[PDB]
């Protein structure tokens, strides 16, 4: 009869849909796991807690002198101590060589800011009291814009910075 047959077919095909759904989600998981084994994964923040005092970060330690923010830490590696604050970034510009691994260490003396480097996958929240650590290699020389993409107050829409990647 009508309803019983419709019911039976509906359920059989639904189970097929669900198995298929699952397969496709599992393939996404495999494709995500691939990203995690590549250099593209550098932009994931370090999970290690690295606490600082937002009230002295402009007076003492590696964020206190932005002209010394860029430090060579290996043969082809540079560490950059970045301050995100209301409403800008220091140093400005950040100047690095292309082809080198750049380790960004970013904190804030005030509120939460974003650090979104347009044209790249660098997109990290910056918490007062915490160091956000992310890694990236700029393959193309030139000027990249930093956008703050976390609401930080009335100056949010004009909070930009600059990275200069030297040939």
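Positions refer to the first chain, counted from 1.
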item: Stretch with the greater mean C-alpha B-factor as recorded in the entry, comparing 47 to 55 against 109 to 117; value: 47 to 55
item: Within-chain third of residue 136 by Cα B-factor, per the entry; value: lowest
item: Where the record places residue 37 (Cα B-factor, split into thirds across the chain); value: highest
item: Residue 96 CA temperature factor, ranked by third within the chain; value: middle
item: Third of chain Cα B-factors occupied by residue 122; value: lowest
item: Third assignment of residue 27 from its chain's C-alpha B-factors; value: middle
